[PDB]
């Protein structure tokens, strides 16, 4: 949701630095295309939300991912088709998506460097963070970095005061060190946006399920 802090910048050099694994997701269901975001976290693996993968209606092939998409049909790393989805077992709106190599035989986390996950030991309320992904109020498949502060950390949940819009589902939340601290899921109008906070349990889930995920 859009919040009083609406500080968003378009990333056009989407493959530079930490932005490269930020990924644009289209779930191409016959009923329509669900747009979302995600972050590549391993050679074959990206994180996004449960509600994003639910949009596949059980067909993981419906989920297409375009790391570092710059804009509409402008996908410097091509696209990848999901093959296996593992939802987080906890409440958090988090899902792991693994991709097959694409039709160019490349891997989603070889065409871009997977994100580095934070161990979140130093993450705290009031820290400046960004949530970077693919808001649906911007033009198709454009990446935007939205800036704000953590406002709430509780368990496996975080909230923040920065703005996002549908399309951002699954966007990585980055700290200042450009580590992923959480995975945005959405928000509550006029109140906050929120992410799954990658605390010890969620890190454990991720490490159990993604062999090459990198925590700092």
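Positions refer to the first chain, counted from 1.
Enquirer: Per the entry, where is the mean C-alpha temperature factor higher: 100-108 or 136-144?
Expert: Result: 100-108.
Enquirer: Per the PDB record, is the mean Cα temperature factor higher over 193-201 or over 12-20?
Expert: 12-20 has the higher mean C-alpha B-factor.
Enquirer: For the listed residues 61, 154, 50, 184, which one has the largest C-alpha B-factor as given in the deposited model?
Expert: That would be 61.
Enquirer: By the entry's C-alpha temperature factors, tell me which of 42, 172, 30, 167 sits highest.
Expert: Across 42, 172, 30, 167, the entry lists the biggest C-alpha B-factor for 30.
Enquirer: Where does residue 37 sit by CA temperature factor within its chain: lowest, middle or highest third?
Expert: CA B-factor rank for residue 37: lowest third.
Enquirer: Looking at the C-alpha B-factor of residue 130, is it in the lowest, middle or highest third of its chain?
Expert: Answer is lowest: the recorded C-alpha B-factor places it there.
Enquirer: Based on the entry's values, in what third of the chain does the Cα temperature factor of residue 1 lie: lowest, middle or highest?
Expert: For residue 1, whose C-alpha B-factor we compare with every modelled residue in the chain, the answer is the lowest third.
Enquirer: Would the CA B-factor of residue 94 place it in the lowest, middle or highest third of its chain?
Expert: Bottom third by C-alpha B-factor.
Enquirer: By its CA B factor, does residue 115 count among the lowest, middle or highest third of the modelled residues in the chain?
Expert: Its C-alpha B-factor belongs to the middle third of this chain's values.
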